[PDB]
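Raw contents of protein_24.csv, CSV, C-alpha atoms:
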```csv
chain,number,residue,atom,x,y,z
S,555,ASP,CA,-18.7,16.8,-17.3
S,556,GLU,CA,-16.7,15.9,-14.2
S,557,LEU,CA,-16.9,12.1,-14.2
S,558,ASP,CA,-14.5,12.1,-17.2
S,559,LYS,CA,-12.1,15.0,-16.4
S,560,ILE,CA,-8.6,13.8,-17.2
S,561,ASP,CA,-5.3,14.9,-15.5
S,562,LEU,CA,-2.9,15.6,-18.3
S,563,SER,CA,0.1,15.8,-15.9
S,564,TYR,CA,-0.5,12.4,-14.3
S,565,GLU,CA,2.2,9.7,-14.9
S,566,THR,CA,2.9,6.2,-13.5
S,567,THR,CA,4.3,2.8,-14.5
S,568,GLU,CA,3.3,-0.8,-14.4
S,569,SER,CA,5.7,-1.6,-11.6
S,570,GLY,CA,4.8,1.6,-9.8
S,571,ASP,CA,7.0,2.1,-6.7
S,572,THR,CA,7.8,-1.6,-6.3
S,573,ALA,CA,11.0,-1.6,-8.4
S,574,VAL,CA,9.8,-4.9,-9.9
S,575,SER,CA,10.6,-5.9,-13.5
S,576,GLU,CA,8.0,-7.1,-16.0
S,577,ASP,CA,9.6,-10.6,-15.9
S,578,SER,CA,8.8,-11.0,-12.1
S,579,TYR,CA,5.2,-10.2,-12.8
S,580,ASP,CA,2.7,-12.9,-11.8
S,581,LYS,CA,0.7,-13.0,-15.0
S,582,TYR,CA,-2.5,-14.9,-14.9
S,583,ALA,CA,-5.7,-15.4,-17.0
S,584,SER,CA,-9.2,-14.1,-16.4
S,585,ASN,CA,-12.0,-16.4,-15.2
S,586,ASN,CA,-14.4,-16.0,-18.1
S,587,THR,CA,-17.9,-17.2,-17.6
S,588,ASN,CA,-20.5,-16.9,-20.4
S,589,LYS,CA,-19.1,-14.0,-22.3
S,590,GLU,CA,-18.1,-12.3,-19.0
S,591,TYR,CA,-14.4,-11.8,-18.6
S,592,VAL,CA,-13.5,-11.4,-14.9
S,593,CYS,CA,-10.5,-9.9,-13.1
S,594,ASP,CA,-11.0,-10.5,-9.3
S,595,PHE,CA,-8.4,-9.1,-6.9
S,596,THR,CA,-10.1,-10.0,-3.6
S,597,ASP,CA,-7.9,-13.0,-2.8
S,598,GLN,CA,-4.8,-11.8,-4.9
S,599,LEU,CA,-3.8,-8.6,-3.1
S,600,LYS,CA,-3.8,-10.0,0.4
S,601,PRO,CA,-0.5,-9.1,2.0
S,602,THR,CA,2.3,-11.6,2.0
S,603,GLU,CA,5.7,-11.8,3.6
S,604,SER,CA,7.2,-12.1,0.2
S,605,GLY,CA,5.6,-8.9,-1.0
S,606,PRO,CA,5.0,-6.6,-2.6
S,607,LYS,CA,4.4,-8.9,-5.5
S,608,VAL,CA,2.8,-7.8,-8.8
S,609,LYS,CA,-0.2,-9.8,-10.2
S,610,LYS,CA,-1.2,-9.0,-13.8
S,611,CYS,CA,-4.7,-9.8,-15.2
S,612,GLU,CA,-4.5,-10.5,-18.9
S,613,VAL,CA,-7.6,-9.7,-21.0
S,614,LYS,CA,-7.3,-10.9,-24.6
S,615,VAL,CA,-10.2,-9.7,-26.8
S,616,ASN,CA,-10.6,-11.2,-30.3
S,617,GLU,CA,-14.4,-11.5,-30.1
S,618,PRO,CA,-17.4,-9.1,-29.7
S,619,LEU,CA,-19.6,-7.9,-26.8
S,620,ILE,CA,-17.7,-9.2,-23.8
S,621,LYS,CA,-19.0,-7.9,-20.4
S,622,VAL,CA,-15.9,-6.9,-18.5
S,623,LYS,CA,-15.9,-7.2,-14.7
S,624,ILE,CA,-13.0,-5.8,-12.5
S,625,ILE,CA,-12.8,-6.0,-8.7
S,626,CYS,CA,-10.8,-4.0,-6.3
S,627,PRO,CA,-11.8,-4.7,-2.7
S,628,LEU,CA,-12.8,-1.7,-0.5
S,629,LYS,CA,-10.9,-0.3,2.5
S,630,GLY,CA,-12.2,-2.3,5.4
S,631,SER,CA,-13.8,-5.2,3.4
S,632,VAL,CA,-11.5,-7.2,5.7
S,633,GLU,CA,-10.7,-5.6,9.1
S,634,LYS,CA,-7.1,-4.7,8.4
S,635,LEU,CA,-5.9,-6.2,5.1
S,636,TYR,CA,-6.8,-3.2,2.8
S,637,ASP,CA,-6.3,-0.2,5.0
S,638,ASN,CA,-4.1,1.7,2.6
S,639,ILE,CA,-5.4,0.5,-0.8
S,640,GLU,CA,-5.5,2.7,-3.9
S,641,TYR,CA,-7.4,2.3,-7.2
S,642,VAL,CA,-6.5,4.3,-10.2
S,643,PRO,CA,-7.9,6.0,-12.3
S,644,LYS,CA,-10.4,7.3,-9.7
S,645,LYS,CA,-13.1,8.0,-12.2
S,646,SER,CA,-13.0,4.6,-13.9
S,647,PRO,CA,-14.0,3.0,-16.2
S,648,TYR,CA,-14.9,6.4,-17.7
S,649,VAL,CA,-11.2,7.2,-17.5
S,650,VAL,CA,-8.4,4.7,-18.3
S,651,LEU,CA,-4.7,4.5,-18.9
S,652,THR,CA,-2.6,3.8,-22.0
S,653,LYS,CA,1.1,3.1,-22.4
S,654,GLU,CA,2.8,6.3,-23.8
S,655,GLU,CA,6.5,5.2,-24.1
S,656,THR,CA,7.0,3.1,-20.9
S,657,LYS,CA,4.9,5.4,-18.6
S,658,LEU,CA,1.1,5.7,-18.5
S,659,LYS,CA,-1.2,8.7,-18.8
S,660,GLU,CA,-5.0,9.2,-18.7
S,661,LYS,CA,-7.2,8.6,-21.7
S,662,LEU,CA,-11.0,8.5,-22.2
S,663,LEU,CA,-12.2,5.1,-23.3
S,664,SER,CA,-15.2,6.4,-25.2
S,665,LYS,CA,-12.8,8.6,-27.2
S,666,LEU,CA,-10.8,5.4,-27.9
S,667,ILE,CA,-13.5,2.8,-28.7
S,668,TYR,CA,-16.7,4.0,-30.2
S,669,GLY,CA,-20.0,2.4,-29.3
S,670,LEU,CA,-19.1,1.0,-25.9
S,671,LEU,CA,-21.7,0.7,-23.1
S,672,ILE,CA,-20.9,1.9,-19.6
S,673,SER,CA,-24.0,1.5,-17.4
S,674,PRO,CA,-23.6,4.0,-14.6
S,675,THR,CA,-25.0,1.5,-12.1
S,676,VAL,CA,-24.2,-2.1,-11.2
S,677,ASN,CA,-26.6,-4.0,-9.0
S,678,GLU,CA,-28.4,-0.7,-8.3
S,679,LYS,CA,-25.1,0.9,-7.2
S,680,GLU,CA,-22.7,3.3,-8.9
S,681,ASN,CA,-20.1,2.0,-11.4
S,682,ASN,CA,-16.9,3.0,-9.6
S,683,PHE,CA,-14.3,1.4,-7.3
S,684,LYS,CA,-15.9,3.4,-4.5
S,685,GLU,CA,-18.7,0.8,-4.5
S,686,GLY,CA,-16.1,-1.9,-5.0
S,687,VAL,CA,-16.5,-3.0,-8.6
S,688,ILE,CA,-16.8,-1.6,-12.1
S,689,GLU,CA,-18.4,-3.1,-15.2
S,690,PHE,CA,-18.7,-2.2,-18.9
S,691,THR,CA,-19.9,-4.0,-22.0
S,692,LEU,CA,-17.8,-4.0,-25.2
S,693,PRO,CA,-18.9,-3.0,-28.7
S,694,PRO,CA,-19.6,-5.5,-31.5
S,695,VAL,CA,-16.6,-4.4,-33.7
S,696,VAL,CA,-13.2,-2.9,-33.4
S,697,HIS,CA,-11.0,-1.6,-36.2
S,698,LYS,CA,-7.6,-1.0,-34.5
S,699,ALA,CA,-6.0,-2.8,-31.7
S,700,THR,CA,-6.4,-0.8,-28.4
S,701,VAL,CA,-4.4,-1.4,-25.2
S,702,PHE,CA,-5.3,0.2,-21.9
S,703,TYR,CA,-4.7,-0.5,-18.2
S,704,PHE,CA,-6.3,-0.4,-14.8
S,705,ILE,CA,-4.7,-0.1,-11.4
S,706,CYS,CA,-5.6,-1.6,-8.0
S,707,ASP,CA,-2.7,-1.2,-5.6
S,708,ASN,CA,-2.5,-2.7,-2.1
S,709,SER,CA,1.3,-2.4,-1.7
S,710,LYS,CA,1.0,0.6,0.6
S,711,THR,CA,-0.8,-1.6,3.1
S,712,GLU,CA,1.1,-3.7,5.6
S,713,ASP,CA,0.1,-6.5,8.0
S,714,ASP,CA,3.2,-6.7,10.2
S,715,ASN,CA,5.9,-8.4,8.0
S,716,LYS,CA,3.5,-9.0,5.1
S,717,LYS,CA,2.7,-6.4,2.4
S,718,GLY,CA,0.0,-6.1,-0.2
S,719,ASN,CA,0.5,-6.3,-3.9
S,720,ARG,CA,0.0,-4.0,-7.0
S,721,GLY,CA,-2.8,-5.3,-9.2
S,722,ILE,CA,-3.0,-4.3,-12.9
S,723,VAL,CA,-5.3,-5.4,-15.7
S,724,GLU,CA,-3.9,-5.3,-19.3
S,725,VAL,CA,-6.5,-5.3,-22.1
S,726,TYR,CA,-5.0,-6.3,-25.5
S,727,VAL,CA,-7.8,-5.8,-28.0
S,728,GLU,CA,-7.3,-7.5,-31.5
S,729,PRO,CA,-9.1,-6.2,-34.6
S,730,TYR,CA,-12.3,-8.1,-34.9
S,731,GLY,CA,-15.4,-7.7,-37.1
S,732,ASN,CA,-16.1,-5.3,-39.9
S,733,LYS,CA,-19.4,-3.4,-39.7
S,734,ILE,CA,-22.9,-3.4,-38.2
S,735,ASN,CA,-26.0,-4.9,-39.9
S,736,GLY,CA,-27.9,-1.8,-39.0
S,737,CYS,CA,-28.5,1.9,-39.7
S,738,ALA,CA,-26.9,5.3,-38.9
S,739,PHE,CA,-29.3,8.1,-38.2
S,740,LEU,CA,-27.5,11.5,-38.8
S,760,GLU,CA,-14.8,12.8,-34.4
S,761,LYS,CA,-18.0,12.3,-36.4
S,762,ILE,CA,-16.5,9.7,-38.8
S,763,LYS,CA,-16.8,6.7,-36.4
S,764,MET,CA,-20.6,7.2,-36.7
S,765,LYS,CA,-20.4,6.7,-40.5
S,766,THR,CA,-17.9,3.9,-40.7
S,767,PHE,CA,-19.8,1.5,-38.4
S,768,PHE,CA,-23.1,0.9,-40.2
S,769,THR,CA,-24.2,-0.4,-43.6
S,770,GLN,CA,-26.9,2.2,-44.1
S,771,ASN,CA,-27.0,5.9,-43.3
S,772,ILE,CA,-30.2,7.9,-42.7
S,773,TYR,CA,-30.1,11.6,-43.1
S,774,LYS,CA,-32.6,13.9,-41.4
S,775,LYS,CA,-33.4,16.6,-44.0
S,776,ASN,CA,-34.1,14.4,-47.0
S,777,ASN,CA,-34.3,10.6,-46.5
S,778,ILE,CA,-35.4,8.2,-49.3
S,779,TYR,CA,-35.1,4.7,-47.9
S,780,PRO,CA,-36.1,4.1,-44.2
S,781,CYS,CA,-34.0,2.0,-41.9
S,782,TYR,CA,-33.6,-1.7,-43.0
S,783,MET,CA,-31.3,-4.0,-41.2
S,784,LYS,CA,-30.8,-7.6,-42.4
S,785,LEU,CA,-29.7,-10.4,-40.2
S,786,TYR,CA,-29.0,-14.2,-40.1
S,787,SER,CA,-28.4,-16.9,-37.5
S,788,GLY,CA,-25.4,-15.8,-35.4
S,789,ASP,CA,-25.0,-12.3,-36.7
S,790,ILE,CA,-25.3,-9.0,-34.9
S,791,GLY,CA,-26.8,-5.6,-35.7
S,792,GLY,CA,-27.2,-2.2,-34.1
S,793,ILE,CA,-28.6,1.3,-34.4
S,794,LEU,CA,-27.2,4.8,-33.8
S,795,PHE,CA,-30.3,6.7,-32.7
S,796,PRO,CA,-30.6,10.4,-33.5
S,797,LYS,CA,-29.7,13.4,-31.5
S,798,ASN,CA,-33.3,14.6,-31.1
S,799,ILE,CA,-34.9,11.3,-30.2
S,800,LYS,CA,-38.2,11.2,-28.3
S,801,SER,CA,-38.8,7.4,-28.0
S,802,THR,CA,-38.0,4.1,-29.7
S,803,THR,CA,-39.7,0.8,-30.0
S,804,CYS,CA,-37.1,-1.3,-32.0
S,805,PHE,CA,-36.3,-3.7,-29.2
S,806,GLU,CA,-39.1,-2.9,-26.8
S,807,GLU,CA,-42.1,-3.3,-29.1
S,808,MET,CA,-41.7,-5.1,-32.4
S,809,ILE,CA,-44.6,-5.7,-34.9
S,810,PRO,CA,-44.6,-8.1,-37.9
S,811,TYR,CA,-46.3,-7.5,-41.3
S,812,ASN,CA,-47.5,-9.5,-44.3
S,813,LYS,CA,-47.7,-13.1,-43.0
S,814,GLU,CA,-44.8,-14.8,-41.2
S,815,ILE,CA,-46.6,-16.1,-38.1
S,816,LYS,CA,-49.8,-15.4,-36.2
S,817,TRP,CA,-49.1,-12.5,-34.0
S,818,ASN,CA,-49.4,-11.9,-30.3
S,819,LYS,CA,-50.2,-8.3,-29.6
S,820,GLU,CA,-48.1,-8.3,-26.4
S,821,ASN,CA,-45.0,-10.5,-27.3
S,822,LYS,CA,-43.4,-7.5,-29.0
S,823,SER,CA,-40.2,-7.1,-26.9
S,824,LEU,CA,-37.3,-8.8,-28.6
S,825,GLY,CA,-36.8,-10.9,-25.5
S,826,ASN,CA,-40.5,-12.0,-25.7
S,827,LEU,CA,-40.3,-12.7,-29.5
S,828,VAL,CA,-37.2,-15.0,-29.6
S,829,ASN,CA,-36.2,-17.2,-26.7
S,830,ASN,CA,-32.6,-16.9,-25.7
S,831,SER,CA,-32.2,-13.6,-27.6
S,832,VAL,CA,-30.2,-10.6,-26.3
S,833,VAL,CA,-30.5,-6.9,-25.9
S,834,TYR,CA,-27.9,-4.4,-24.7
S,835,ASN,CA,-28.7,-0.9,-23.2
S,836,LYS,CA,-32.4,-1.5,-23.5
S,837,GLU,CA,-33.0,1.5,-21.3
S,838,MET,CA,-30.6,3.8,-23.2
S,839,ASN,CA,-29.1,4.8,-19.9
S,840,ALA,CA,-25.5,4.7,-21.2
S,841,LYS,CA,-23.7,8.0,-20.7
S,842,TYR,CA,-21.7,8.6,-23.9
S,843,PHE,CA,-23.9,7.4,-26.8
S,844,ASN,CA,-27.6,6.8,-27.3
S,845,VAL,CA,-27.3,3.3,-28.8
S,846,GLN,CA,-28.7,-0.3,-28.5
S,847,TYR,CA,-27.4,-3.7,-29.6
S,848,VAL,CA,-28.7,-7.2,-30.0
S,849,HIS,CA,-27.4,-10.8,-30.5
S,850,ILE,CA,-28.8,-13.8,-32.3
S,851,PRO,CA,-28.1,-17.2,-30.6
S,852,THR,CA,-26.6,-19.9,-32.8
S,853,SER,CA,-29.7,-22.0,-32.0
S,854,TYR,CA,-32.2,-19.7,-33.7
S,855,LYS,CA,-32.8,-21.3,-37.1
S,856,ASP,CA,-36.3,-19.8,-37.7
S,857,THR,CA,-37.0,-17.1,-40.2
S,858,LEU,CA,-38.8,-14.0,-39.2
S,859,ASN,CA,-39.4,-10.5,-40.5
S,860,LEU,CA,-40.6,-7.6,-38.3
S,861,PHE,CA,-41.0,-3.9,-38.2
S,862,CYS,CA,-40.5,-1.1,-35.6
S,863,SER,CA,-40.6,2.7,-35.5
S,864,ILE,CA,-38.8,5.6,-33.8
S,865,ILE,CA,-40.0,9.0,-32.5
S,866,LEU,CA,-38.5,12.5,-32.7
S,867,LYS,CA,-38.9,15.6,-30.6
S,868,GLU,CA,-40.6,17.5,-33.4
S,875,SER,CA,-44.9,13.2,-34.1
S,876,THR,CA,-42.3,13.0,-36.9
S,877,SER,CA,-41.4,9.3,-36.8
S,878,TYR,CA,-38.9,7.2,-38.8
S,879,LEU,CA,-39.4,3.4,-39.4
S,880,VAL,CA,-37.1,0.4,-39.2
S,881,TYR,CA,-37.3,-3.1,-40.7
S,882,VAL,CA,-35.9,-6.4,-39.4
S,883,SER,CA,-35.2,-9.6,-41.2
S,884,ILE,CA,-33.7,-12.8,-39.8
S,885,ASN,CA,-32.6,-15.9,-41.8
S,886,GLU,CA,-34.6,-14.4,-44.8
S,887,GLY,CA,-33.3,-16.8,-47.4
```

Could I get this structure in the form of structure tokens?
Amino acid sequence: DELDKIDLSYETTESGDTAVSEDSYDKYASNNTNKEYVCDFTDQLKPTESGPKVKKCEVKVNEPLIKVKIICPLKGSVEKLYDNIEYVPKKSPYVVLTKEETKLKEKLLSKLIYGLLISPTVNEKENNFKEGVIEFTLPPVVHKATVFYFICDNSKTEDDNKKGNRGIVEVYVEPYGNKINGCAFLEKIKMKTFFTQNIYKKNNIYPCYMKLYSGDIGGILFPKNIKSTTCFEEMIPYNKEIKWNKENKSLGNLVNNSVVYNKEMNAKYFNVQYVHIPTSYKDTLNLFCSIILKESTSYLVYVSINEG
């Protein structure tokens, strides 16, 4: 592809071309709102006489499934304040930067954290600084601490005696979680080390069967030759838990205040879907769903919540 092509010769630093030391950095916290960690640079990179200063957005991750939002105003958002702005890496958040020694070089995030969702469109518009903002939703588990950076530099812009600043976002991920209460339909290891059950194509015995409780999370790694899936769009119960509505089959229509991620499977790197159980859901429920194949050869999946 071209949206993830990395320049192996690229190099840069935190201070960039400002000669500033890490101590003089203006480190601040992200405005987090309902599992959404935010780094807004609109009112932070405005030129100042005392510039070019360096503002650092700290992002500390010790929890799962944080929707990350990063802002880097566009050239001309204000008439003259961002006339010479630069955001790096260009093809973000597909491409990111990691600290090799003291300098930085390009790295692919999907190749660094498996199971991360990067919807190519935010508010109907592309997911790139060209449209002014970038988003991405984290995975539910991480094995090793991962640190990468973003860049949003307005220092090259000047408003008479004032000068813009160099914006940077540091993401210090801490090891959280262990595995997924889900199934794995089958470089390649991170597929196997993330689920409790593995489902092989040629000869499978047990179908998918993911067990859940109140406040736990599960997921699925859908196959490579998938035709369709109904495991969060159309759920069906069996035996006798509750009288069934033939239309309230979407996971959102089944449990109030439930969550689904990548319901449309539009993510670029992986064909995956996730869910979350609110801490207020104390009702027991057991459901079923199916999956399709290109061949119709279908697999099945089971769901159990608070089954105790």

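The shell of residues at most 9 Å from region 623-626 of chain S, with all atoms listed in the file counted and near chain neighbours (fewer than 3 positions) removed, consists of residues 590, 591, 592, 593, 594, 595, 596, 599, 639, 640, 641, 683, 686, 687, 688, 689, 690, 691, 704, 705, 706, 707, 721 and 723 of chain S.
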
Create the file for the chosen residues now, containing C-alpha atoms and written as a PDB file, in the frame of the given file.
```pdb
ATOM      1  CA  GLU S 590     -18.100 -12.300 -19.000  1.00  0.00           C
ATOM      2  CA  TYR S 591     -14.400 -11.800 -18.600  1.00  0.00           C
ATOM      3  CA  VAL S 592     -13.500 -11.400 -14.900  1.00  0.00           C
ATOM      4  CA  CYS S 593     -10.500  -9.900 -13.100  1.00  0.00           C
ATOM      5  CA  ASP S 594     -11.000 -10.500  -9.300  1.00  0.00           C
ATOM      6  CA  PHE S 595      -8.400  -9.100  -6.900  1.00  0.00           C
ATOM      7  CA  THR S 596     -10.100 -10.000  -3.600  1.00  0.00           C
ATOM      8  CA  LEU S 599      -3.800  -8.600  -3.100  1.00  0.00           C
ATOM      9  CA  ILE S 639      -5.400   0.500  -0.800  1.00  0.00           C
ATOM     10  CA  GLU S 640      -5.500   2.700  -3.900  1.00  0.00           C
ATOM     11  CA  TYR S 641      -7.400   2.300  -7.200  1.00  0.00           C
ATOM     12  CA  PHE S 683     -14.300   1.400  -7.300  1.00  0.00           C
ATOM     13  CA  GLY S 686     -16.100  -1.900  -5.000  1.00  0.00           C
ATOM     14  CA  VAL S 687     -16.500  -3.000  -8.600  1.00  0.00           C
ATOM     15  CA  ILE S 688     -16.800  -1.600 -12.100  1.00  0.00           C
ATOM     16  CA  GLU S 689     -18.400  -3.100 -15.200  1.00  0.00           C
ATOM     17  CA  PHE S 690     -18.700  -2.200 -18.900  1.00  0.00           C
ATOM     18  CA  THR S 691     -19.900  -4.000 -22.000  1.00  0.00           C
ATOM     19  CA  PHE S 704      -6.300  -0.400 -14.800  1.00  0.00           C
ATOM     20  CA  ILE S 705      -4.700  -0.100 -11.400  1.00  0.00           C
ATOM     21  CA  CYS S 706      -5.600  -1.600  -8.000  1.00  0.00           C
ATOM     22  CA  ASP S 707      -2.700  -1.200  -5.600  1.00  0.00           C
ATOM     23  CA  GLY S 721      -2.800  -5.300  -9.200  1.00  0.00           C
ATOM     24  CA  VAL S 723      -5.300  -5.400 -15.700  1.00  0.00           C
TER      25      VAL S 723
END
```

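Take CA of residue 563 (chain S) and CA of residue 671 (chain S): the distance between them is 27.5 Å.
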
Fewer than 6 positions away in the same chain doesn't count, so skip those; otherwise give me all residues within 8 Å of residue 801 (chain S), counting only C-alpha atoms, as a compact mmCIF listing (two decimals) with C-alpha atoms, in the coordinates of the input.
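Result file is part_32.txt:
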```
# COMPACT_ATOMS: atom_id res chain seq x y z
CA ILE S 864 -38.80 5.60 -33.80
CA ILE S 865 -40.00 9.00 -32.50
CA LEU S 866 -38.50 12.50 -32.70
```

Open item on the list: I'd like the contact shell of residue 734 (chain S) - 8 Å cut-off, all atoms listed in the file, skipping same-chain residues fewer than 3 positions apart - returned as a PyMOL selection string.
Closed with: chain S and resi 694-695+737+767-769+790-792

TODO: Find the spatial neighbours of residue 823 (chain S), counting all atoms listed in the file, within a cut-off of 12 Å - ignore same-chain residues fewer than 2 positions away - and output them as a VMD selection string.
DONE: chain S and resid 802 to 810 818 to 821 825 to 829 831 to 833 836 848 860 to 862

I need the chosen residues saved as a compact mmCIF listing (two decimals), keeping the file's coordinate frame, with C-alpha atoms.
```txt
# COMPACT_ATOMS: atom_id res chain seq x y z
CA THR S 802 -38.00 4.10 -29.70
CA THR S 803 -39.70 0.80 -30.00
CA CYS S 804 -37.10 -1.30 -32.00
CA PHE S 805 -36.30 -3.70 -29.20
CA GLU S 806 -39.10 -2.90 -26.80
CA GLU S 807 -42.10 -3.30 -29.10
CA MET S 808 -41.70 -5.10 -32.40
CA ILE S 809 -44.60 -5.70 -34.90
CA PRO S 810 -44.60 -8.10 -37.90
CA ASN S 818 -49.40 -11.90 -30.30
CA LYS S 819 -50.20 -8.30 -29.60
CA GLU S 820 -48.10 -8.30 -26.40
CA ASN S 821 -45.00 -10.50 -27.30
CA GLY S 825 -36.80 -10.90 -25.50
CA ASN S 826 -40.50 -12.00 -25.70
CA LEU S 827 -40.30 -12.70 -29.50
CA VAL S 828 -37.20 -15.00 -29.60
CA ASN S 829 -36.20 -17.20 -26.70
CA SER S 831 -32.20 -13.60 -27.60
CA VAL S 832 -30.20 -10.60 -26.30
CA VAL S 833 -30.50 -6.90 -25.90
CA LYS S 836 -32.40 -1.50 -23.50
CA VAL S 848 -28.70 -7.20 -30.00
CA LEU S 860 -40.60 -7.60 -38.30
CA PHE S 861 -41.00 -3.90 -38.20
CA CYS S 862 -40.50 -1.10 -35.60
```

TODO: Please identify all polymer residues within 8 Å of region 711-715 of chain S, counting only C-alpha atoms, omitting same-chain residues fewer than 2 positions from it, and present them as a ChimeraX atom specification.
DONE: /S:601-603,634-639,708-709,717-718

Produce a file of the selected residues containing C-alpha atoms, as a PDB file, in the coordinates of the input.
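What ended up in again-v2.pdb:
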```
ATOM      1  CA  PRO S 601      -0.500  -9.100   2.000  1.00  0.00           C
ATOM      2  CA  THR S 602       2.300 -11.600   2.000  1.00  0.00           C
ATOM      3  CA  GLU S 603       5.700 -11.800   3.600  1.00  0.00           C
ATOM      4  CA  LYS S 634      -7.100  -4.700   8.400  1.00  0.00           C
ATOM      5  CA  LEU S 635      -5.900  -6.200   5.100  1.00  0.00           C
ATOM      6  CA  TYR S 636      -6.800  -3.200   2.800  1.00  0.00           C
ATOM      7  CA  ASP S 637      -6.300  -0.200   5.000  1.00  0.00           C
ATOM      8  CA  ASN S 638      -4.100   1.700   2.600  1.00  0.00           C
ATOM      9  CA  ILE S 639      -5.400   0.500  -0.800  1.00  0.00           C
ATOM     10  CA  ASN S 708      -2.500  -2.700  -2.100  1.00  0.00           C
ATOM     11  CA  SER S 709       1.300  -2.400  -1.700  1.00  0.00           C
ATOM     12  CA  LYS S 717       2.700  -6.400   2.400  1.00  0.00           C
ATOM     13  CA  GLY S 718       0.000  -6.100  -0.200  1.00  0.00           C
TER      14      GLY S 718
END
```

Task: Between CA of residue 739 (chain S) and CA of residue 781 (chain S), distance in Å (one decimal) - done: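 The value is 8.5 Å.
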
TODO: Could you check how far CA of residue 835 (chain S) sits from CA of residue 673 (chain S), in Å to one decimal?
DONE: 7.8 Å

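Distances from S:858, S:696, S:799, S:658 to residue 877 (chain S) were compared using only C-alpha atoms, and the smallest one belongs to S:799.
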
Box dimensions and centre (Å, one decimal) enclosing region 768-777 of chain S, axis-aligned, 8 Å extra per side, as JSON:
```
{"center_x": -28.7, "center_y": 8.1, "center_z": -43.6, "size_x": 27.2, "size_y": 33.0, "size_z": 22.8}
```

- [ ] In the coordinates of the file, take the point (-33.8, 15.2, -30.3) and a cut-off of 9 Å; then, counting only C-alpha atoms, name each qualifying protein, DNA or RNA residue as number ranges by chain.
- [x] S: 796-800, 866-868

Take the residues from that selection and put them in a file with C-alpha atoms, as a PDB file, in the coordinates of the input.
```
ATOM      1  CA  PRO S 796     -30.600  10.400 -33.500  1.00  0.00           C
ATOM      2  CA  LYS S 797     -29.700  13.400 -31.500  1.00  0.00           C
ATOM      3  CA  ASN S 798     -33.300  14.600 -31.100  1.00  0.00           C
ATOM      4  CA  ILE S 799     -34.900  11.300 -30.200  1.00  0.00           C
ATOM      5  CA  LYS S 800     -38.200  11.200 -28.300  1.00  0.00           C
ATOM      6  CA  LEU S 866     -38.500  12.500 -32.700  1.00  0.00           C
ATOM      7  CA  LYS S 867     -38.900  15.600 -30.600  1.00  0.00           C
ATOM      8  CA  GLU S 868     -40.600  17.500 -33.400  1.00  0.00           C
TER       9      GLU S 868
END
```

Task: Residue with smallest distance to residue 661 (chain S) - pool S:692, S:701, S:762, S:838, counting all atoms listed in the file - done: S:701

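Minimum distance to residue 774 (chain S) across S:795, S:632, S:651, S:569 (counting all atoms listed in the file) occurs at S:795.
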
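Proximity of S:685, S:856, S:886, S:556 to residue 783 (chain S), computed with all atoms listed in the file, is greatest for S:886.
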
Open item on the list: Counting all atoms listed in the file, I want the residues whose atoms come within 6 Å of (-27.9, -0.6, -30.5) in the file frame, returned as a ChimeraX atom specification.
Closed with: /S:792-793,845-847

Keeping only C-alpha atoms, write those residues as a PDB file, in the coordinates of the input.
```
ATOM      1  CA  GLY S 792     -27.200  -2.200 -34.100  1.00  0.00           C
ATOM      2  CA  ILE S 793     -28.600   1.300 -34.400  1.00  0.00           C
ATOM      3  CA  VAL S 845     -27.300   3.300 -28.800  1.00  0.00           C
ATOM      4  CA  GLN S 846     -28.700  -0.300 -28.500  1.00  0.00           C
ATOM      5  CA  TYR S 847     -27.400  -3.700 -29.600  1.00  0.00           C
TER       6      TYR S 847
END
```

TODO: Would you please work out which residue, of S:578, S:646, S:857, S:771, is nearest to residue 608 (chain S) when using all atoms listed in the file?
DONE: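 For residue 608 (chain S), the nearest of the given residues is S:578.
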